[PDB]
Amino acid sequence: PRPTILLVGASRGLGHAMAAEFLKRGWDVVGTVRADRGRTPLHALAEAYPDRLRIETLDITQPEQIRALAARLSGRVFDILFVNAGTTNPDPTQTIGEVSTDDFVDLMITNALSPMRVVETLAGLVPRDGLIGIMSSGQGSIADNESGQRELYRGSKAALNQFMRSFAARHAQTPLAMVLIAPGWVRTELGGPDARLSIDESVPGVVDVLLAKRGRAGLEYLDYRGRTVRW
């Protein structure tokens, strides 16, 4: 009967840290990994929590795998669905006018289309008063984009946020809680060596925000400190 989070993209980085943090707060976790990555930090974590962490497989860019996960989990209910999975393009220093079509397509599919297909397909596994979240980025804020850089990633997260606003409009005036999280610039393999925050300086706050967002209907764009991020 323990509360359970379905955490999509939990193999490493922020997603793995989120799984560890929910487990420390007494929740169960179903976390997803991609089949191709071999053994991950999440596999090591599952050995420490053998009865409380379950690992499922999902590449979010494969719609058949999203449906397969939905079928596997159809006898389960999740208090929170959180889509952490995201990446960046091979060469983030390229401007939008320099990126290859393949790189543009790949990142828009991975970061914008695919998290939305996950939430649309798996929303039924969450109660109607539950919480659906996606890991966005402060870089997806258009109002805050005064400096550019990381051009393709920025557009992918801006598109994600807009898609999520339209999803939220279809749930207007219902109890569903929704959140786009900006975790801060964190020293993971994605954030890089110059990132301002350690994992432990971001993830407890993200988890605090998610727990507090439950029961507060509607979509918000919130950072790891609970501050509203401008669209």
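From 1 onward, residues are counted along the sequence shown.
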Look up the CA B-factors in the entry and say which stretch, 157-165 or 70-78, has the higher mean. 70-78
Looking only at CA atoms, which has the higher mean B factor in the entry: 123-131 or 148-156? 123-131
Select one of 199, 42, 180, 206: the residue whose C-alpha shows the highest B-factor in the crystal structure entry. 199
Using the B-factors in the PDB entry, rank residue 19's C-alpha atom against the chain and give the third, lowest, middle or highest. lowest
When the modelled residues of the chain are sorted by Cα temperature factor, does residue 30 land in the lowest, middle or highest third? lowest
Which third of the chain holds residue 217 when residues are ordered by C-alpha B factor: lowest, middle or highest? highest
Of the three thirds of the chain ranked by Cα temperature factor, residue 106 occupies the lowest
